[PDB]
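Participant:
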Amino acid sequence: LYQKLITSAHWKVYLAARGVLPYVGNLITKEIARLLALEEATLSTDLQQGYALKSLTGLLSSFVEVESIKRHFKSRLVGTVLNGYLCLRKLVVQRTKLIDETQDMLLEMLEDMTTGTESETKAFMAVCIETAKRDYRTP
Amino acid sequence: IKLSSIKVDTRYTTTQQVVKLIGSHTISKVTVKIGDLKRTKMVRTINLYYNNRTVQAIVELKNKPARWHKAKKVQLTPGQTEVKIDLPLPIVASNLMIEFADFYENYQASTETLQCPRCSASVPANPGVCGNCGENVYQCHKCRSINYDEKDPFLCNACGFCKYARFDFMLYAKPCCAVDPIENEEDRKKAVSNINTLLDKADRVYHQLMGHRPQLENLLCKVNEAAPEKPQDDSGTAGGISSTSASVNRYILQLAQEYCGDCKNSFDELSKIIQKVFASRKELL
Amino acid sequence: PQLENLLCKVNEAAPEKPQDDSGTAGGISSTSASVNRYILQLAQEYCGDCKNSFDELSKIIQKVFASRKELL
Ligand SMILES: [Zn+2]
Ligand SMILES: [Zn+2]
Numbered sequence: 022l023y024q025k026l027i028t029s030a031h032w033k034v035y036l037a038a039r040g041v042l043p044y045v046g047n048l049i050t051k052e053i054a055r056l057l058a059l060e061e062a063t064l065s066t067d068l069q070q071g072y073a074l075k076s077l078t079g080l081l082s083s084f085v086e087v088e089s090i091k092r093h094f095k096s097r098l099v100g101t102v103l104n105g106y107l108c109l110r111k112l113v114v115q116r117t118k119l120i121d122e123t124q125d126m127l128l129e130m131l132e133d134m135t136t137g138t139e140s141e142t143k144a145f146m147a148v149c150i151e152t153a154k155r156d157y158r159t160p
Numbered sequence: 006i007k008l009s010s011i012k013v014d015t016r017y018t019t020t021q022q023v024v025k026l027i028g029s030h031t032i033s034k035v036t037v038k039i040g041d042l043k044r045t046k047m048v049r050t051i052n053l054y055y056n057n058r059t060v061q062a063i064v065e066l067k068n069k070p071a072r073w074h075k076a077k078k079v080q081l082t083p084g085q086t087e088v089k090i091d092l093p094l095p096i097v098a099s100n101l102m103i104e105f106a107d108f109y110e111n112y113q114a115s116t117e118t119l120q121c122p123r124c125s126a127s128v129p130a131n132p133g134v135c136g137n138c139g140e141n142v143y144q145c146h147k148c149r150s151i152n153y154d155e156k157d158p159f160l161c162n163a164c165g166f167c168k169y170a171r172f173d174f175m176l177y178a179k180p181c182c183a184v185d186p187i188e189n190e191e192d193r194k195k196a197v198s199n200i201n202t203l204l205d206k207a208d209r210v211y212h213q214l215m216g217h218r219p220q221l222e223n224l225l226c227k228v229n230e231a232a233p234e235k236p237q238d239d240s241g242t243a244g245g246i247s248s249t250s251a252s253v254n255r256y257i258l259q260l261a262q263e264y265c266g267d268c269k270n271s272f273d274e275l276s277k278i279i280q281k282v283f284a285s286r287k288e289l290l
Numbered sequence: 004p005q006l007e008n009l010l011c012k013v014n015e016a017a018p019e020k021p022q023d024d025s026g027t028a029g030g031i032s033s034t035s036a037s038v039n040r041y042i043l044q045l046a047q048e049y050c051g052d053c054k055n056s057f058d059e060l061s062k063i064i065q066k067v068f069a070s071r072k073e074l075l
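Chains as they are written, first to last, in this note's numbering: chain G, 22 to 160; chain A, 6 to 290; chain D, 4 to 75.
1) Taking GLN280/A as the reference, give the member of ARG255/A, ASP205/A, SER252/A, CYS182/A with the closest Cα.
2) Taking 7 Å as the line, does the beta carbon of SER29/A fall inside it for any heavy atom of ligand 2?
3) Suppose the cutoff is 6 Å on Cβ atoms and the five residues either side in sequence are ignored; what does the same chain contact list for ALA106/A look like?
4) Check the Cβ of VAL253/A against every Cβ in chain D and list those closer than 9 Å, keeping chain order.
5) Can you round the beta-carbon distance between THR123/G and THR78/G to whole angstroms, since I take them to be within the 8 Å contact cut?
6) Which residue or residues does DSSP assign as beta-bridge partners of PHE174/A?
7) Grab me the residues of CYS268/A's own chain with a C-beta within less than 8 Å of its C-beta, minus the 5 sequence neighbours each way, in chain order.
8) Can you tell which of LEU57/G, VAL85/G, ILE49/G has the C-alpha that lies nearest to the C-alpha of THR28/G?
9) Can you name, in chain order, every residue of its own chain whose Cβ lies under 6 Å from the Cβ of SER127/A, other than the five neighbours on each side?
10) Assign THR19/A to one of three DSSP states: helix, strand, or coil.
11) May I have all residues whose beta carbon comes closer than 6 Å to any heavy atom of ligand 2, sorted in chain order?
12) Return the residue from the list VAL99/G, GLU52/G, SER76/G, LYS154/G that minimises the CA-CA distance to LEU112/G.
13) Within the 8 Å Cβ cut-off, does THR117/G reach chain A?
14) How would you write the range of the beta strand (DSSP E) that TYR35/G sits in, first residue to last?
15) By how many angstroms is the C-alpha of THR142/G removed from the C-alpha of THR135/G?
16) Whole angstroms are fine: how far does the CA of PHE166/A sit from the CA of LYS78/A?
17) Taking its Cβ as the centre, do 16 or more other Cβ atoms sit within 10 Å of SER271/A, making it buried, or is it exposed?
18) Assuming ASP185/A contacts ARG58/A under a Cβ cut-off of 8 Å, what Cβ separation, rounded to an integer in Å, is found between them?
19) Kindly provide the chain-ordered list of residues whose Cβ lies closer than 5 Å to any non-hydrogen atom of ligand 1.
20) Can you grab the Cα-Cα spacing for the pair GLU88/G / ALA196/A, in whole Å?
21) Return the residue from the list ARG286/A, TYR55/A, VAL24/A that minimises the CA-CA distance to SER33/A.
22) How should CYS161/A be labelled, buried or exposed, when 16 other C-beta atoms within 10 angstroms of its C-beta is the threshold for buried?
23) Quick one: which residues of the region 45-77 of chain G get their C-beta closer than 7 Å to a C-beta of chain A? List them in chain order.
24) Taking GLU104/A as part of the alpha helix (DSSP H), name the residues at either end of that continuous run.
25) Looking at chain G, which residues of the region 201-213 of chain A have a Cβ within less than 7 Å of any of its Cβ atoms?
26) Measuring straight from C-alpha to C-alpha, what distance separates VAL13/A and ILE27/A?
27) Measuring alpha carbon to alpha carbon, tell me which residue in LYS179/A, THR45/A, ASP157/A, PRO95/A is nearest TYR109/A.
28) Going by Cα to Cα distance, which pick from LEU80/G, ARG110/G, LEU109/G is closest to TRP32/G?
29) Classify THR31/A as buried or exposed, calling it buried when 16 or more other Cβ atoms lie within 10 Å of its own Cβ.
30) Expressed to the nearest angstrom, what Euclidean distance is found between the alpha-carbon atoms of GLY51/D and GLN115/G?
31) Suppose only complete runs of 4+ residues qualify. What are the alpha helix (DSSP H) ranges in the region 36-76 of chain G, listed by chain order?
32) Mind listing which residues of the region 268-279 of chain A have their C-beta closer than 7 Å to chain G's C-betas, in chain order?
33) Measure the Cβ-Cβ separation of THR249/A and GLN22/D and say whether it is below 8 Å.
34) Please tell me whether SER82/G and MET126/G are closer than 8 Å, where the distance is taken between their beta carbons.
35) Which same chain residues end up closer than 6 Å to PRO160/G when comparing Cβ atoms and leaving out the 5 residues on each side of it in sequence?
36) Taking C-beta to C-beta, are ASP192/A and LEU68/G nearer than 8 Å?
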């Protein structure tokens, strides 16, 4: 229902103006953190592990697929996408097919955001420094 | 469990029976029964080996001693007809190797010319070929194969026939889903790929449990209506439905088939896949 | 009374896990073995036994009615 109601870029931009993008980014970060704090538990396998994560990432990709929102929110989404992708790469035992699809979508979004003016890029590099500040493999 | 009931592949050496099991089993005891015992060559030592390697065919392990773990060595007295091998800890095994490692061989006068099994002519022990009919006196009585290296092997290396005894194996074990031990990143990658495939299978079957969910939701609604739909005598009578069972509410029977049959089969498949996935995750961790 | 008692036990809505036929009891397909035991007993008692007895009684009643009509 939600994706059907915002199929027009008109309402995607409206929601982005209201601040939906930071909300979905924070939700993705919280879900990935829950998965990270969950791999310390047993190897309990859950069939629907990552449906919320995959759906939130799909929503973020749908919003980013509009040029203006991408322009205005690249610098604000690069940090959260980097953090999410790095934290998802740590997953080994709890890595589910849906988690793999989410990580691939985050990689595609990050690559889509790396592209930009040298300024925007150097700004994204500054973000990368903060992400590394936030382990010999993940950095 | 009779070992014969869970073997899916078997190969032999002159002293070893190497077997692939239908699946991984946790084994606590092995009993060996010995029938038709001949006094000329009697087993003195049995070694039991195992591994939990997944193989397509047991021949891949036949001549690979470094791939086997020794579970137990047992000694027999001359003419012993039953051996109980109590393992100090249960072993998890998808393959077994039983080795007859030493013998109380009774020496005899092999110098005497042997008798041809086909024409009864006298045959010299070397080369052991009948000069009258060409029959080889050292051929396996069961499969006619000739061992080149050993003229009097304890087992036929082709078919496992033993002229000195018959061996029956009874495994006090239980079926236990398990995977091959992970060694190096090569096996780590294999295990990860297996985990991914099994998770895909688990996702597919989940859907089956959930596919029957709306059907059960619906049949339950109809059954709650408690309508006295008059008995419908369908022309098709392939199913053996007795009058009383035929008169049972169709939805009730439909519910019983959907849940106890279909939902239970799907849930059993899903639980087996989940247990195997948990074992793979535990090994990887 | 037998059907009454079966109805009373059924309305208990009690789950009694299918009792394994330790003895040589009549073979029951698992599909049907998972119904309630009281449901199957009721179906046999009423649709089988009560129906057979009622059919016999109705045949006897019709023959008695024919005999009474002829006598009258
Ligand atoms: Zn001959
Ligand atoms: Zn042979």
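Here a beta-carbon is modelled for each residue, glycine too, at the ideal position from N, C-alpha and C.
Facilitator: With the structure as the only source:
1) Cα-wise, what sits closest to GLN280/A is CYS182/A.
2) Distance from the C-beta of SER29/A to the nearest heavy atom of ligand 2 is not below 7 Å.
3) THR50, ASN52.
4) Under the 9 Å cutoff, chain D gives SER35, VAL38, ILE42, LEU43, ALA46, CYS50.
5) For a cut-off of 8 Å, the C-beta gap from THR123/G to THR78/G is around 5 Å, short enough to register as a contact.
6) Paired residues: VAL37/A.
7) Excluding positions up to five away in sequence, the list reads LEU214, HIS217, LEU221.
8) Of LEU57/G, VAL85/G, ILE49/G, the smallest CA-CA separation from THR28/G is found for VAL85/G.
9) Cβ within range, chain order: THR118.
10) For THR19/A, the three-state secondary structure derived from DSSP is coil.
11) Taking each Cβ in turn, the ones that pass are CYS145/A, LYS147/A, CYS148/A, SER150/A, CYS161/A, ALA163/A, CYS164/A, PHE166/A.
12) It is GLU52/G whose Cα lies nearest to the Cα of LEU112/G.
13) Yes, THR117/G lies at the interface with chain A (some Cβ there is under 8 Å from its Cβ).
14) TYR35/G: not part of any beta strand (DSSP E); member of the alpha helix (DSSP H) spanning 30-39, first to last residue.
15) The alpha-carbon atoms of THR135/G and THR142/G are separated by roughly 6 Å.
16) The straight-line gap from Cα to Cα measures roughly 23 Å.
17) With 16 or more other Cβ atoms from the protein chains shown falling within 10 Å of its own Cβ, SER271/A counts as buried.
18) Contact between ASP185/A and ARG58/A holds: their C-beta atoms lie close to 5 Å from each other, under 8 Å.
19) In chain order, the residues positioned with their C-beta nearer than 5 Å to some heavy atom of ligand 1 are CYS121/A, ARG123/A, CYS124/A, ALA126/A, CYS135/A, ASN137/A, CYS138/A, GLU140/A.
20) Spanning the two alpha carbons is a distance of roughly 42 Å.
21) With distances taken between Cα atoms, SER33/A lies closest to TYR55/A.
22) Buried.
23) When CB distances to chain A are screened at a threshold of 7 Å, the residues of the region 45-77 of chain G falling below it are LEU64, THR66, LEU68, in chain order.
24) Going by DSSP, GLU104/A is part of no alpha helix (DSSP H) but of the beta strand (DSSP E) stretching over 87-108.
25) Along the region 201-213 of chain A, going in chain order, the ones with a CB nearer than 7 Å to a CB of chain G are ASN201, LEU204, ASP205, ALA207, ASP208, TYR211.
26) Straight-line spacing of the CA atoms in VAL13/A and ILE27/A works out to 6 Å.
27) Closest option to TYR109/A, Cα to Cα, is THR45/A.
28) Minimum Cα distance to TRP32/G is reached at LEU80/G.
29) It is exposed - the Cβ of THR31/A has fewer than 16 other Cβ atoms within 10 Å.
30) Going by the C-alpha atoms only, they are around 56 Å apart.
31) The alpha helix (DSSP H) runs of length 4 or more contained entirely in the region 36-76 of chain G are, from start to end of the chain, 41-59.
32) With the criterion set as a beta carbon lying under 7 Å from some beta carbon of chain G, the members of the region 268-279 of chain A are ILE279, in sequence order.
33) Contact flag unset, no.
34) Yes, these two residues count as a Cβ contact at 8 Å.
35) The answer, listed in chain order, is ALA153.
36) Going by C-beta atoms, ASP192/A is not nearer than 8 Å to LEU68/G.
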